[PDB]
Structures are given as C-alpha cells and as structure tokens.
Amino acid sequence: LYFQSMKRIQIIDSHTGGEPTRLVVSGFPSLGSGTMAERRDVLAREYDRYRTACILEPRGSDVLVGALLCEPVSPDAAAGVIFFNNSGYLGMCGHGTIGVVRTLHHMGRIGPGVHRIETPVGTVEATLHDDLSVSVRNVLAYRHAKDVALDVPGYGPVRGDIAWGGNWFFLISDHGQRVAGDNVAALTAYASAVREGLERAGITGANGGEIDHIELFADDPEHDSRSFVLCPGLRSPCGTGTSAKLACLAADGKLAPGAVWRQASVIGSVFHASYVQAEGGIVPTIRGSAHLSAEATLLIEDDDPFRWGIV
C-alpha cells in the first residue's frame, strides 16, 4: 500500500577520474527489442520522465552521465546501453563506458577479457583488464584546425588546436599557466577567459560546433602530459580530452599508430592510449579506471512534485 505509493529504479554509480556515471540496472519501462537506437527512440518519446528522474536534481546532477542497461540484440554482446544526460540522449561516451564495464564486473556479469557493448551509434569494443581498468575503443576523432590564434581577455594572445573527440575541444600548451592540482582556481579562470575569447571571435568547430571544452597541457616528469580540462558551464558532463589530443598528435606526426601515449589529469587520474588510422581521422583506444561510488534504489513517490526531477 505505502510500498506501492512509489516507483523504484535500481542503479549503480561509479566515477572515472571523478566524473560520475549512473548505470540503471532495472526499473525503466520496456522499450521493445529493437536496436539500442530504436529503444532510445521509444524512451525519448514515451518515457522521457525516467531520464529526468535519474539525472536531474534532487536525485542526480547536471554533470551526471546515465546509462540504461539493456539486453543486447546479439547474444555475443555483454550488454546494450543507452547513454543520456541532463539535456537529452547521447551516442557514445568514453569515460561512461569505462564505468559501465567496471560496473558489469561488479554485478558479476563479466570477467576480465574483451567485451562488446551495443549502443545507439554502434557496437563498442572494450577490454576489462585484470586490475579492473578498462580499455575502450572510442569514436572517430580528428583535428579541425591547427594553431588557431586569439587574444584571451586579461591574459593575452595564445594559439590552440580545434579538435573533435566526442566533444569539441580547444587544446593549448603555451598558456603560461601552472598545470597542477593545487592551482585549479587560476586554471579555471584562465580557461573560462579562453572560452569567452572563442565566443567573441566566433571561433567554432566544423559546422558551427560550439567549442565547450578547453584543455590545458603541460610537461610532466612521469607522463607524456599533465592536463586540466574545463567542462561546459560554470553545467554539463565533462570529457578527459585524451582522444582529441591524440588526433592532434597524429596529425602532427608526433605519435605513430599503435604507439602508447600516457596522460595524467591535475587530480591524478591516469590514461593510457593508442590509435589506429581511419578514414577522416583516428580511432583511439583509451585505458582508464573507474571506481564504485554507490548502489541505490531511486524512489519516485506519487505525490512528490519533483518525482520526475526538478526542471
């Protein structure tokens, strides 16, 4: 009676280098048995309130990426997923997939090895390593423009690359900033000023793509690079910028196909990557670690005005 006064959605939360992913294990309505793309179309049209319940406050946050677990079409896939966020439905998500694969191991569904995950944009290949880190083959990445110059209000001129790695990035090495975990405020201020400069100048990705991620790179004594990424807003989910960086290295002849590249973030998260050439860019494979944060049942009470999230 009271029990029946609220819906239940079972979830498992993880984070990959501090970016959160929420895997919905059960509690969404049936979306039929077509491809992930077709199931996503049903979810988006018939049951979008379930996305908002899971992602929006008070149950989630604007930086949260969600993934709905689905039984895949092919029996040789470990799972099917549909990714979503506070704005809508996504295609592929790199750091999210690391979370998903780690979570599937936590649930006891898979052991170390190669696994295929169905998505609305195609089947993703991933390797679960013995240490439970995951190598994920991401979408096609490429550099749109090299050494694009602008004046950063309050700081001065800089050049950077415009690159696509599932998100539009402006990538800068010669920024004069100290890239370290104890300097995030100064870095954030710099990168925000950069994004504003791009706006003012009307600098975009291909087809007017909004460059909403800024990445600052620096030498590092232990890795090939130390980076800081500024995420959309001051809000939407954040990439780590590894794929975009690889596309620039590849285009400049600094890194061959197959060569291993190692990047660390200012908060200490480490990523190892390689790429293979493809038509119109590179296909990068990125290894990273996700950690578990919670198992939960979200509760959606009939009389809660924000039961489907606060909009």
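Numbering starts at 1 and runs along the sequence shown.
J.: Can you tell me how many deposited residues have no coordinates between residue 234 and residue 235? The categories are none, 1 to 3, 4 to 9, and 10 or more.
T.: The entry leaves 1 to 3 residues without coordinates here.
J.: Tell me which stretch, 279-287 or 37-45, has the higher mean Cα B-factor listed in the entry.
T.: Averaged over C-alpha atoms, the B-factors run higher in 37-45.
J.: Could you check the entry and say whether 158-166 or 134-142 has the higher mean CA B-factor?
T.: Going by the record's values, the stretch with the higher mean is 158-166.
J.: Of the choices 100, 114, 150, 110, which one's C-alpha carries the largest B-factor in the record?
T.: Of the candidates given, the C-alpha B-factor peaks at 150.
J.: Select one of 172, 201, 78, 128: the residue whose C-alpha shows the highest B-factor in the crystal structure entry.
T.: The listed residue with the largest C-alpha B-factor is 201.
J.: Going by what the PDB entry lists, where does residue 83 fall on CA B-factor within its chain: lowest, middle or highest third?
T.: Lowest third of the chain for residue 83's C-alpha B-factor.
J.: Among the chain's modelled residues, which third holds the C-alpha B-factor of residue 195?
T.: Tercile = highest for this residue's CA B-factor.
J.: Should residue 118 be placed in the lowest, middle or highest third of its chain by the C-alpha B factor in the entry?
T.: CA B-factor rank for residue 118: lowest third.
J.: Among the chain's modelled residues, which third holds the C-alpha B-factor of residue 227?
T.: Tercile = middle for this residue's CA B-factor.
J.: What third of the chain does residue 212 rank in for C-alpha temperature factor, lowest, middle or highest?
T.: Middle third - that is where residue 212 ends up once the chain's C-alpha B-factors are sorted.
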